[PDB]
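Participant: The structure's right below; bear with me while I get my questions together.
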Amino acid sequence: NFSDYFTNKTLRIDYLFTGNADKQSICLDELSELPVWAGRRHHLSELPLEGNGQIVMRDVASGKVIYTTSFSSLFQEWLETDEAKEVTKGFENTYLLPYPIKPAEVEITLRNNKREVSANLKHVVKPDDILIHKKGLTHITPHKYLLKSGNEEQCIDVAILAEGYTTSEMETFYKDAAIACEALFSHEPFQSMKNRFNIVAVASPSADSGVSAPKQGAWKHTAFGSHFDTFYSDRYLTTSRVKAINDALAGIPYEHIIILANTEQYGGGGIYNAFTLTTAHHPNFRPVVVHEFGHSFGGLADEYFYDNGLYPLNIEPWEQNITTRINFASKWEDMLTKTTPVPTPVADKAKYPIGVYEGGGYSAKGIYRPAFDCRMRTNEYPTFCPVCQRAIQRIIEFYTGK
Amino acid sequence: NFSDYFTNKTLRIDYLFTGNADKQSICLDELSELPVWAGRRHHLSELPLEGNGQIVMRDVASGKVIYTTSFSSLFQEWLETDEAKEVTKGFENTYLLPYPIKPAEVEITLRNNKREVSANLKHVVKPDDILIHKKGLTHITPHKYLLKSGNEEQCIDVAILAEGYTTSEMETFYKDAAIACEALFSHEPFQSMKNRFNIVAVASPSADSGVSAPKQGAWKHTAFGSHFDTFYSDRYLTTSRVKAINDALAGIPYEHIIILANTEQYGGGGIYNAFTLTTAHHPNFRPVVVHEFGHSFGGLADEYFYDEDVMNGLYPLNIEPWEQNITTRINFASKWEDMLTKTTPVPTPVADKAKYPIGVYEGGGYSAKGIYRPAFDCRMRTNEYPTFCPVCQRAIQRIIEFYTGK
Ligand SMILES: [K+]
Ligand SMILES: [K+]
Ligand SMILES: [Zn+2]
Ligand SMILES: [Zn+2]
Ligand SMILES: [Zn+2]
Ligand SMILES: [Zn+2]
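Which chain is which? The protein sequence lines are A and C, in order. Throughout the first sequence, residue numbering follows the authors' numbering, covering 21 to 327, 332 to 426 in sequence. Following the authors' numbering, the numbering of the second sequence begins with 21 at its first residue and continues without gaps.
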C-alpha cells in the first residue's frame, strides 16, 4: 500500500496560523523535502485521536485519502488569551507528510472548542515543483542515540533537542537527556514497550547559556529563542521558533520532539503532536517531562481542576482521559465494573481504582476523570492511571502494531 | 523636536503579510528594541515616495502623526503571480521606527496596483511592554566600515551583508563589498553625494559556500536562504528570511540593506525599503548591484520590457505609477514633464532620440505599450549603459536630500 503513493522521503510543510479571537486563517510558509520518511506505513487514512486540527492528504487523480494526522497548537492556546481580543498575531507550525509520487492535495483544518471549523486551507503539492527546499543533506546537527531499538521505519522515533546549552556544555545536555529517557521508560506502558522506541539526543547549540527572562530584561541568544512570560504569564516558558526547531532536526529521523531547556526555573508544557518543552534542572524534572509527553505524545488532557470554558459541557472531549458523560461509551465505560457508581464518591475510592470521579480538565464540576489521582493530575503521584495507560498503549500500537 | 516624542533607540516591528489574489491581511509578529535610532530626525510626518504600503505612527494622547515611512514587499509582487490564484502564503516583513516615549498607535496599510487599500492593521505599542525583545547588545556580527562620512544620525547608513560566504571566505566578501561600494559611488548622484553615506560590511557566515539554485536542484545551507528562481523567474534572486537578515544587523546602525551572494550565476533583486540582493562574481556585478539599489533605495521602477516575463502587467494603464521614472500619462505633470524642453514631442519617436536626451519613450515597466520611460537608455533598463538617466538621477537626489537635507 504505502509504496503505491509515496517514496521513502518526507514532505515537510511549514504553515503560519494567524488571526485573533474573532477570525483565524492559515497560510503556507514553505515546502521542504527531508531524506527519509520516519512516520508510519499503516493505518494511513485513519487517525488515533481527533486533535484540535487535522491534515488530510488526498491523491489528486483518484481523490483517495492517502495520509492523515492530527495535532493541537500553541496558536489555539493564544486564542484564549486577552491579547487575542486586541491584535492579530501569527505562529509557525510544521507537519511531516510522506513524500508523494504524484500530485497530492493537502487540506489542513483547525477546530475551535465547539468543534466548528475555525480555519481551513486546501492546496495542491506537485512533487517535482522546483521550489521545494531540499533539507537535511549536509551539516546535520551533532547527535547521539540513547536507545536504538530498530530502524526508523519500524520504531517510534523521539528526538530530544537542546535549548540554552552552548557547544561547550553538551556534556550536561546529554546527561539531562538520559535522565529524561530513564524517567520515561520507568512508567508503564512505555517501560514494557521500550523496544518500540528510538531515542536520539540532538545537541543543537546556543550562543548563550540559559533562556530569556523578559520580565528581568535578560534576553539571551539561544537555539530556539525560548522565553518566560509567554502571554504575559510570568511562569510560562515557550518557543515559537518552530522552523528553527525542525531545521535543527533535518536529516535525523524523527516523529516526536522533546526540548530540554538548560535552566533550574520551573516552566514548560506539551502540546499534542507539536512538541514538549521543559526545564531540565528543576527538582521535578522527572515527573514533569513525563507529564508533558503525556500531552505531546499521548494526547492526554490535564486531570486537575479548580473551583472554565475550554471544554463545553455539551460536547464529549476528544481526549481519552476526561469525559463530560456526553458519549461515555466511547471512553472508559468498558473498563468499569458492572456496579461502579457513576459518579464515584471519593469516600468509596479504595473500592474503585477506575471510576468516574468529578473534577478534571480544569473544572471541578461537569467534567470527570478515570481515577482519583494520576500523573496527569499531580507530580507527586507515581504512575499514569489505568485509563491513561490504555490510551498511551493504543497510541503506541497504532504506530507499531498490536 | 525629535526628543519631544522619541528616545534615541529603534523600535523594530516584524509583521506577517498573508493572503492570496482574492484577500490579504496583516498580523503582528514581534516587537524589538535596537540600541540606536539610525534613521531620519526631520520630515517625520512626510513621505519621500508613496510606495505600495505605508506605516503611520501616531501619539495616542493627541492623535498627532509622529513618524511615517513607506515600502514595497515581496508579498505584494507575489500577489500578481499565478501561484497566488492557487494557494495562500505568508511573508515576513520588518520595519524600523523611532522608539516612542509615550504609547503610540501604529497603522500599517498595504495597497494594490490600483493604489487602493487592500489590508490594514492598527495596533498600540506601549514603550514599557516587557515582550519588546531587546536586541543588538551582545554577539554583534563582525563588521568593518568601508566608508564613514559621519555618525549614524547625520548620514545614510547602508549595510552590506554576506550570503553564501563561509568563515574562510570572508576576505573575498570584504573585497566584493568594496567593489560594490566603488560601483555605487561611480554613478551620479551618489558620486557627488558620497559624504552623506556610511557603508558598513557585515561578515555574516554561511555553513555552505554559494546559494541555492532550485531549478538545478542544488540547495545550500546559507545564512539567509537566498535562492534563484523566485516566482519561477530564473534571474530573480531573493530571500524570504527577512527576520534573519535584520537579526544579523542588530547592534549595527543601518537604514538600507544590500546582500552580496557568493556566486557567479546571474541574478539579483531589489524591493523598496526592504533589501537588495545581487550576485557578487558575475561579470555584470557592478551594474546589477547599482540597478537593484535603484529599486531598494531609490524606489525606481524597471524601464525594460520583455515579452515572456513574470512581472508583465504589474502596472495598470489607467493608474499613474507612484514610481518616478515611468508614466502612464495619467498624471504626467507630477513626474518629469518639468524637465522636458517645450518642443519635445510626447510620445517621443525613437528616430528622434539623438535630439532628446529626456523625452517620453514608449516601453517600460514590463510593458511594450502604454508605459513610457524618460530616456532611450538607463541603468534601470540595461546593464551595458553607463549611467542613470537624468530623471532617475533627480529622483535619487531627492531621496538623498529628503534624508540628509538640501
Ligand atoms: K519511525
Ligand atoms: K543614518
Ligand atoms: Zn499538563
Ligand atoms: Zn490518567
Ligand atoms: Zn530591476
Ligand atoms: Zn532611468
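Idealized CB from N, CA, C, for every residue including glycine.
Which same chain residues, not among the five before or five after C:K164, have their C-beta less than 6 Å away from its C-beta?
Facilitator: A221
Participant: So, is C:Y326 buried or exposed, given that buried needs 16 or more other C-beta atoms within 10 angstroms?
Facilitator: Exposed, by the Cβ-count rule.
Participant: Would DSSP call C:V370 helix, strand or coil?
Facilitator: Helix at C:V370.
Participant: Can you give me, in chain order, the residues of the region 97 to 130 of chain C that have a beta carbon less than 8 Å from any beta carbon in chain A?
Facilitator: Here the close residues are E106, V107, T108, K109 and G110.
Participant: Using a strict less-than 5 Å threshold between each residue's beta carbon and the heavy atoms of ligand 6, what residues do you get?
Facilitator: C:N345, C:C398, C:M400, C:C409 and C:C412
Participant: Could you tell me which whole beta strand (DSSP E) segments of length 3 or greater appear in the region 147 to 192 of chain C?
Facilitator: 163 to 168 and 176 to 183
Participant: State yes or no: is the C-beta of C:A58 nearer than 6 Å to some heavy atom of ligand 2?
Facilitator: Yes, since a heavy atom of ligand 2 falls inside the 6 Å radius drawn around the Cβ of C:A58.
Participant: Along the chain, where does the beta strand (DSSP E) that runs through C:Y115 open and close?
Facilitator: Counting along the chain, the beta strand (DSSP E) containing C:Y115 begins and ends at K109 to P120.
Participant: CB A:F91 to CB A:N293, shorter than 7 Å?
Facilitator: Taking 7 Å as the Cβ cut-off, A:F91 and A:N293 qualify as a contacting pair.
Participant: Using a threshold of 7 Å, state whether the C-beta atoms of A:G230 and A:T158 are closer than that.
Facilitator: no
Participant: Run the CB neighbour count on A:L337, radius 10 Å, all protein chains shown included, and call it buried at 16 or more, exposed below.
Facilitator: exposed
Participant: Alpha carbon to alpha carbon, what distance is there between A:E343 and A:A300?
Facilitator: 27 Å
Participant: Could I get the ranges of all uninterrupted beta strand (DSSP E) runs contained in the region 290 to 337 of chain C, with 3 residues as the minimum, in chain order?
Facilitator: Counting whole runs of 3 or more residues, the region 290 to 337 of chain C contains the beta strand (DSSP E) stretches 295 to 299.
Participant: Does the beta carbon of A:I150 come closer than 7 Å to any beta carbon on chain C?
Facilitator: yes
Participant: Within the same chain, show all residues whose beta-carbon is closer than 6 Å to that of A:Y423, passing over the 5 residues directly before and after it, in chain order.
Facilitator: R60 and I176
Participant: Have a look at the DSSP bridge pairing and note the partners of A:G39.
Facilitator: A:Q44 and A:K109
Participant: Which value, in whole angstroms, describes the spacing of the CA atoms of A:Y335 and C:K146?
Facilitator: 34 Å
Participant: How many Å lie between C:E312 and C:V380 at the Cα?
Facilitator: 23 Å
Participant: Strictly below 7 Å CB to CB, what residues from chain C border A:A227?
Facilitator: What A:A227 touches in chain C: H159.
Participant: So, are the CB atoms of C:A233 and C:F248 less than 7 Å apart?
Facilitator: yes
Participant: How many Å lie between A:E208 and A:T114 at the Cα?
Facilitator: 30 Å
Participant: If you draw a straight line from the C-alpha of C:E189 to the C-alpha of C:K195, how long is it?
Facilitator: 10 Å
Participant: Below 8 Å CB to CB, which residues in the same chain sit around A:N218 once its five sequence neighbours on both sides are set aside?
Facilitator: The answer, listed in chain order, is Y165, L167, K168, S169, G170, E172, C175, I176, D177, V178 and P273.
Participant: Measuring alpha carbon to alpha carbon, tell me which residue in C:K362, C:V366, C:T361 and C:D329 is nearest C:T347.
Facilitator: C:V366
Participant: Taking one C-beta from the region 50 to 64 of chain C and one from the region 127 to 136 of chain C each time, how about it: are there three or more such pairs within less than 8 Å?
Facilitator: Cβ pair count under 8 Å is below three, so no.
Participant: Within the present structure, is the beta-carbon of A:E275 separated from the nearest heavy atom of ligand 1 by less than 6 Å?
Facilitator: Yes, ligand 1 has a heavy atom inside 6 Å of this Cβ.
Participant: List the residues of chain A that C:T38 touches, going by C-beta distances under 7 Å, in chain order.
Facilitator: Below the 7 Å Cβ cutoff, chain A contributes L36, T38, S45 and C47 as neighbours of C:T38, in chain order.
Participant: Which residue wins for smallest C-alpha separation from A:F317, given the options A:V308, A:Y324, A:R306 and A:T296?
Facilitator: The option with the nearest alpha carbon to A:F317 is A:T296.
Participant: With C-beta atoms as the reference, is A:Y324 less than 7 Å away from A:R401?
Facilitator: yes
Participant: Please list the partners that A:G237 has in chain C, where partner means a Cβ-to-Cβ separation under 9 Å.
Facilitator: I150 and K154
Participant: Using 10 angstroms around the beta-carbon of A:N332, count the other beta-carbons present and answer buried if the total reaches 16, otherwise exposed.
Facilitator: It is exposed - the Cβ of A:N332 has fewer than 16 other Cβ atoms within 10 Å.
Participant: May I ask you to list the residues that DSSP assigns as paired with C:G287?
Facilitator: C:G287 pairs with nothing; no bridge assigned.
Participant: Less than 8 Å between the CB atoms is what I'm expecting for C:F26 and C:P120, so what's the real figure, rounded?
Facilitator: 6 Å
Participant: Suppose the cutoff is 6 Å on Cβ atoms and the five residues either side in sequence are ignored; what does the same chain contact list for A:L130 look like?
Facilitator: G73, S138 and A139
Participant: I'd like to know whether the C-beta of A:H143 is nearer than 7 Å to at least one C-beta of chain C.
Facilitator: yes
Participant: Could you give the distance in angstroms between the alpha-carbon of C:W239 and the alpha-carbon of C:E202?
Facilitator: 31 Å
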